[PDB]
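**Q** The following block contains the structure, expressed as structure tokens.
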Amino acid sequence: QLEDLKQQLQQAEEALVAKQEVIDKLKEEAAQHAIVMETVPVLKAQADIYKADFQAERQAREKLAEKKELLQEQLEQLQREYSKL
Amino acid sequence: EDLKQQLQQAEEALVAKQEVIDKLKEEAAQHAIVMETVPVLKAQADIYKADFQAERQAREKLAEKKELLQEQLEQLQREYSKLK
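Line by line, the protein sequences are chains A and B.
First residue of the first sequence: 125, per the UniProt record's numbering; consecutive thereafter.
First residue of the second sequence: 127, per the UniProt record's numbering; consecutive thereafter.
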């Protein structure tokens, strides 16, 4: 006749929570997905700070490097005069 | 008494729940793509930190040579004017 009038819940509830399955499975996948998502803003942060820091170190080296040969241009002309002893 | 006045709820939740299953899949999507951003972001970090450490090396290393260089220009200024 029709025994699935109020017997088709026997399939509705059998999927109804084989779907909160996926919601909980997914939800914990989401947990670890957002943990690795925590990686990138820092990795971005490290790149852009270490580039700036590298540039500052170049600059400061440069600033030092001029003095190294400026000061060594003086040892060539003072030492030439310590040649006629 | 068979008035399924509650299968209309045994599906208003089923629907909500595959609704949420899908919101998750699109959320899981945008994650899975940005997860690709990482070998690149690591590669740049890895390098900007390696090179930055290297410049500190040469800056340090250069600062040392420079201070031996004033040690030669000084001990020479006491030595050239000890004569004159």
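Ideal Cβ positions, reconstructed from N, Cα and C, are used throughout, including at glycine.
1) For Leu140(B) and chain A, any beta-carbon pair shorter than 7 Å?
2) Assuming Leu133(B) contacts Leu133(A) under a Cβ cut-off of 8 Å, what Cβ separation, rounded to an integer in Å, is found between them?
3) Confirm, please, whether the CB-CB distance from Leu188(A) to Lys192(B) is below 7 Å.
4) Tell me the rounded alpha-carbon separation between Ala176(A) and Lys175(B).
5) In whole angstroms, what is the alpha-carbon distance linking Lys210(B) and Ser207(A)?
6) Identify every run of the alpha helix (DSSP H) within the stretch 166-207 of chain A, keeping only runs that are complete inside it and at least 4 residues long; order them along the chain.
7) Who are the neighbours of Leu150(A) on chain B, taking C-beta pairs under 8 Å?
8) Flag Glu193(A) as yes if its beta-carbon sits less than 7 Å from any beta-carbon of chain B, otherwise no.
9) My understanding is that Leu202(B) touches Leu202(A), with C-beta atoms under 8 Å, so please give their C-beta distance in whole angstroms.
10) Put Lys130(B) into one of helix, strand or coil per three-state DSSP.
11) Just to confirm the assignment, what range does the alpha helix (DSSP H) spanning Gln156(B) have?
12) Classify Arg185(B): buried if its beta carbon has 16 or more other beta carbons within 10 angstroms, exposed otherwise.
13) Answer yes or no: does any C-beta atom of chain B fall closer than 7 Å to that of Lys187(A)?
**A** In brief:
1) Interface residue, yes.
2) Contact between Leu133(B) and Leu133(A) holds: CB atoms are separated by about 6 Å, below the 8 Å threshold.
3) Yes.
4) 10 Å
5) The alpha-carbon atoms of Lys210(B) and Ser207(A) are separated by roughly 11 Å.
6) 196-202
7) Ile147, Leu150, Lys151 and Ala154
8) no
9) 7 Å
10) coil
11) Looking at the DSSP string, the run of the alpha helix (DSSP H) that includes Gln156(B) is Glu138 to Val160.
12) It counts as buried.
13) no
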